[PDB]
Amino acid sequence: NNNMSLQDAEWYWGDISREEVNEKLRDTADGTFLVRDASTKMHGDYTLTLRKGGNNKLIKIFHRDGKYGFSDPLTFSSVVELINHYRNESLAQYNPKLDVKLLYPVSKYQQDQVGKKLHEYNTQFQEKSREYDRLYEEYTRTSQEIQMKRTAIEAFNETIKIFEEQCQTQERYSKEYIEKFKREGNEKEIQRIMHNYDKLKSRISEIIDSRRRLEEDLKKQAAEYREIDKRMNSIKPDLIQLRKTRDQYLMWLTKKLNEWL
């Protein structure tokens, strides 16, 4: 390559914590490398973040006597030269951990497409953030209410099952009082046994009506609960994507920047 300066490297980021590296190296193909500095705050630390096999792997770079290298012996004059060589090779000289090649840098330059152009973007953030929480707040209320109603038909189902057997208890015992109490008829209690029979039979009509009413009363908000999930997921990626808008607007400035809004 060339004797190019260390600070202005394409792959290099300075004073970047572990969590920024972890969130930047997400859903990333194999062979992606990233060079940063350790949080131990000694000079010439230069941790390298190679992501292989779905998880990031940290490789230390040493600075012994002005030379660089992952391990003894050290024979690299410049860490830029070291990374260029390891982009040329595929980690063959080291332990054969799949021998991946440094292929995809995390470039801060290959992206995109002073106080005046920041107030307009802050105003639109708050209005949509509350709506997503508004959908979620009644998402919990409907879901809990559905479960309270889901068990209600089950509660009605037992009462129907109890009463349906109860009318059968009369019917299996209906045959014994067919004639011996109808011998009298007019003043005998047979005028009451059907009068007792229609009392309970009218009662089970209301319960099966209330159960039938509740059968479709449950599905009205269930589709609405289905529609709320449709409406909530139709706005979910926008909340995630509008969060990343700070990535391209906190550079070139770093005062009361955190206070102006």
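Note that the rigid core is defined as the largest set of C-alphas that superpose within 1.5 Å between two forms. Quick note: we count residues from 1 along the sequence shown, nothing fancier.
Q: Could you check whether 168-176 or 82-90 drifts more from the shown form in 9 other deposited structures of this protein, using RMS Cα distance once the core is superposed?
A: Between the two stretches, 168-176 moves farther in 9 other deposited structures of this protein.
Q: How do 193-201 and 221-229 compare in 9 other deposited structures of this protein: which one has C-alphas farther from this form after the rigid core is matched?
A: The answer is 193-201, which departs more from the shown form in 9 other deposited structures of this protein.
Q: Classify the number of deposited-sequence residues missing from the model between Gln113 and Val114: none, 1 to 3, 4 to 9, or 10 or more.
A: Unresolved stretch here: 4 to 9 residues.
Q: None, 1 to 3, 4 to 9, or 10 or more: how many residues of the deposited sequence lack coordinates between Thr254 and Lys255?
A: The entry has 4 to 9 unmodelled residues between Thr254 and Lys255.
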